[PDB]
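Quick notes on the structure that follows.
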Amino acid sequence: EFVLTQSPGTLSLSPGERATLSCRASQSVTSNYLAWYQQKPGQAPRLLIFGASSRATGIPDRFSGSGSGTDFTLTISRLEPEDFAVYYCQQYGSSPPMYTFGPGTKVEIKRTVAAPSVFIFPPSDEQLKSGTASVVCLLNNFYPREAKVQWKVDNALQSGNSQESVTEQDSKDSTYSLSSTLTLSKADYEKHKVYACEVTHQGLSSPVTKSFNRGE
Amino acid sequence: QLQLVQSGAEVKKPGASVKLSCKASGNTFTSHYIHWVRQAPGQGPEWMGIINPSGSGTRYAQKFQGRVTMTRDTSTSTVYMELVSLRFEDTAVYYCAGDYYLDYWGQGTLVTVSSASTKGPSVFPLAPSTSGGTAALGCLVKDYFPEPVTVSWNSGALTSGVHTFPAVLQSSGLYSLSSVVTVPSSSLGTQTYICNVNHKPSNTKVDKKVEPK
Amino acid sequence: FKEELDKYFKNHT
């Protein structure tokens, strides 16, 4: 297995702009055996470039590759909407056969900063009847992807007991959404009254807190 | 016309083995190198090995040497990959790909390695003021195995503002996810909101009507 | 590359 790095980890650009993606090997790439792949969610990777600069059949002219030694580049001359995806470089070799994918660069759509809309959901009565209680905090349609969620139970800051999930960037408004879920037994949930999630984001001048009282 | 069709999803206990298949379709008139590549959740693809067009030779990635075997049946244009001593980390989508530079790809086969039993989801409401008059509601789809589940709203009529989150693997070994939708708070008395949950591995189809509490 | 890869497998036909 070869050793590869890709910079930047995330490239945020607008449609029509030029994208330059870098791949660096720890040691000089023998024979310039360096390829590039595109991958979208729910799909297999797609070959773009092989041999550092050869475009695969059917790949648009806006994709081009160049490089030698340790430093290789993939350029997308003008980003089309279908071009926002993850891109992997890959070093390969013949003796012995070896193909090593790089760590990947995500090319995302840059847009104006959008603050999250925050919602908190108490566990349902149906779920509580089953002995379990899930509390859900929703952060809806925000940008950029970075955010912080802090759980508070009777104003006690929580850690280590939540699980988070983030959607893919929306195709229409370029935002992200995130859920954070606190799962407790019915008995543990009934021990406490105030349940709150506090959200920090660049679009928020001050942290936003949503909360509910168990019972009301 | 170079295309590859892979076998269906597998669920295996830790320590067991799995044998995946990859059949060429379309232009099956010549033989090509075939690779196997896997991708664990949230990770990038990982090359596992290659078998040459005749099937007389193979080379496996060092990480999989001694654990993986590739074979091919020229009569059926089918390539096989067997992975033994399965571990939790082997849960992944497994792809086959063809030619020298992985020029074309199969659709992938999900393999889940777990001691859990097939279990349909329990679907709970995320019941819905807001300055713009926008209410959020949803369904919590909890404690199912294995992946995947599908969620739609109003039998596909409602798609705008829907966010169905990627599942998380809980410490129970079961998966959970939520699907949410934002609606006009004024519609909470005019429109009905039903999430349609389909978990094909358990043949479970649940329709759940989400109401203000 | 292609000829080199073929060559690796030469002893097995």
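The chains in the structure tokens are called A, B, ... from first to last as shown; in each chain the residues are counted from 1, and the ligands are counted from 1 in the order shown.
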Tell me, counting only C-alpha atoms, for each residue of chain C within 9 Å of chain B, which pair of atoms is nearest and how far apart they are in Å to one decimal, in rows ordered by chain and increasing number, as JSON lines.
```
{"residue": "C:1", "atom": "CA", "partner": "B:100", "partner_atom": "CA", "distance": 8.4}
{"residue": "C:2", "atom": "CA", "partner": "B:100", "partner_atom": "CA", "distance": 6.8}
{"residue": "C:5", "atom": "CA", "partner": "B:100", "partner_atom": "CA", "distance": 8.4}
{"residue": "C:6", "atom": "CA", "partner": "B:52", "partner_atom": "CA", "distance": 8.3}
{"residue": "C:9", "atom": "CA", "partner": "B:57", "partner_atom": "CA", "distance": 6.0}
{"residue": "C:10", "atom": "CA", "partner": "B:57", "partner_atom": "CA", "distance": 8.9}
{"residue": "C:11", "atom": "CA", "partner": "B:57", "partner_atom": "CA", "distance": 8.9}
{"residue": "C:12", "atom": "CA", "partner": "B:56", "partner_atom": "CA", "distance": 5.7}
{"residue": "C:13", "atom": "CA", "partner": "B:56", "partner_atom": "CA", "distance": 5.6}
```
Q) Would you list which chain A residues are within 8 Å of chain B using only C-alpha atoms, as number ranges by chain? A) A: 1, 35, 43-47, 50, 56, 96-104, 119, 121-124, 126-127, 163-167, 177-179
The selected residues should be written to file as a PDB file, in the first residue's frame (atoms: C-alpha atoms).
```
ATOM      1  CA  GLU A   1       0.000   0.000   0.000  1.00  0.00           C
ATOM      2  CA  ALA A  35      -5.144   7.917 -11.275  1.00  0.00           C
ATOM      3  CA  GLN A  43     -22.697   5.198  -6.419  1.00  0.00           C
ATOM      4  CA  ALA A  44     -19.505   3.371  -7.313  1.00  0.00           C
ATOM      5  CA  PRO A  45     -16.353   5.399  -8.031  1.00  0.00           C
ATOM      6  CA  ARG A  46     -15.825   6.535 -11.612  1.00  0.00           C
ATOM      7  CA  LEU A  47     -12.435   6.633 -13.345  1.00  0.00           C
ATOM      8  CA  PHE A  50      -5.024   7.424 -15.426  1.00  0.00           C
ATOM      9  CA  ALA A  56     -10.621   8.075 -19.531  1.00  0.00           C
ATOM     10  CA  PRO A  96       3.551  -6.633  -7.375  1.00  0.00           C
ATOM     11  CA  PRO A  97       0.101  -5.427  -8.488  1.00  0.00           C
ATOM     12  CA  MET A  98      -0.993  -2.777  -6.015  1.00  0.00           C
ATOM     13  CA  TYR A  99      -3.689  -0.094  -6.165  1.00  0.00           C
ATOM     14  CA  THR A 100      -3.974   2.343  -3.261  1.00  0.00           C
ATOM     15  CA  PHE A 101      -6.727   4.940  -3.011  1.00  0.00           C
ATOM     16  CA  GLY A 102      -5.951   8.262  -1.395  1.00  0.00           C
ATOM     17  CA  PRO A 103      -7.976   9.738   1.466  1.00  0.00           C
ATOM     18  CA  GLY A 104     -10.155  11.895  -0.781  1.00  0.00           C
ATOM     19  CA  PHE A 119     -36.057  22.059  16.937  1.00  0.00           C
ATOM     20  CA  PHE A 121     -38.538  16.651  20.089  1.00  0.00           C
ATOM     21  CA  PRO A 122     -39.587  14.860  23.291  1.00  0.00           C
ATOM     22  CA  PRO A 123     -39.965  11.077  23.225  1.00  0.00           C
ATOM     23  CA  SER A 124     -43.367   9.873  22.084  1.00  0.00           C
ATOM     24  CA  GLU A 126     -45.773   5.224  22.307  1.00  0.00           C
ATOM     25  CA  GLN A 127     -42.003   4.902  22.766  1.00  0.00           C
ATOM     26  CA  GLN A 163     -25.194  10.318  18.501  1.00  0.00           C
ATOM     27  CA  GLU A 164     -25.185  12.673  15.522  1.00  0.00           C
ATOM     28  CA  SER A 165     -26.042  12.262  11.844  1.00  0.00           C
ATOM     29  CA  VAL A 166     -25.629  14.768   9.004  1.00  0.00           C
ATOM     30  CA  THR A 167     -27.325  14.828   5.612  1.00  0.00           C
ATOM     31  CA  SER A 177     -29.061  19.368   8.278  1.00  0.00           C
ATOM     32  CA  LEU A 178     -28.078  17.479  11.416  1.00  0.00           C
ATOM     33  CA  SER A 179     -29.787  15.372  14.070  1.00  0.00           C
TER      34      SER A 179
END
```
For this session: Work out how far apart CA of residue 202 (chain A) and CA of residue 181 (chain A) are and give it in Å to one decimal.
Result: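 So the answer is 22.0 Å.
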Check: Quick one: which residues from chain A are at most 10 Å off chain C, using only C-alpha atoms, as a ChimeraX atom specification?
Finding: /A:31-33,51,92-97
How about saving the chosen residues, C-alpha atoms kept, as a tab-separated table (two decimals), in the first residue's frame?
```tsv
chain	number	residue	atom	x	y	z
A	31	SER	CA	6.32	5.77	-13.58
A	32	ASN	CA	3.65	8.41	-12.79
A	33	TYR	CA	1.16	5.60	-12.10
A	51	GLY	CA	-1.27	7.63	-15.95
A	92	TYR	CA	-0.90	1.89	-8.67
A	93	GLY	CA	1.97	-0.46	-9.50
A	94	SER	CA	2.69	-3.59	-11.48
A	95	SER	CA	5.21	-5.69	-9.50
A	96	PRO	CA	3.55	-6.63	-7.38
A	97	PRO	CA	0.10	-5.43	-8.49
```
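You can rank A:152, A:210, A:193, A:24 by their closest distance to residue 74 (chain A) using only C-alpha atoms, and at the top of that list sits A:24.
The coordinates place CA of residue 68 (chain B) at 14.8 Å from CA of residue 92 (chain B).
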Helix (DSSP H, G or I) call set, DSSP backbone run, region 6-212 of chain B, as a ChimeraX atom specification: /B:62-64,88-90,154-156,185-189,200-202
**Request:** Taking the chain letters and numbering used in this document, name the residues of chain B that DSSP puts in strand (DSSP E or B), as a ChimeraX atom specification.
**Result:** /B:2-6,10-12,18-26,34-39,46-51,58-60,68-73,78-83,92-98,104-105,109-113,119,122-126,134-145,150-153,158,162-164,168-169,175-184,194-199,204-209
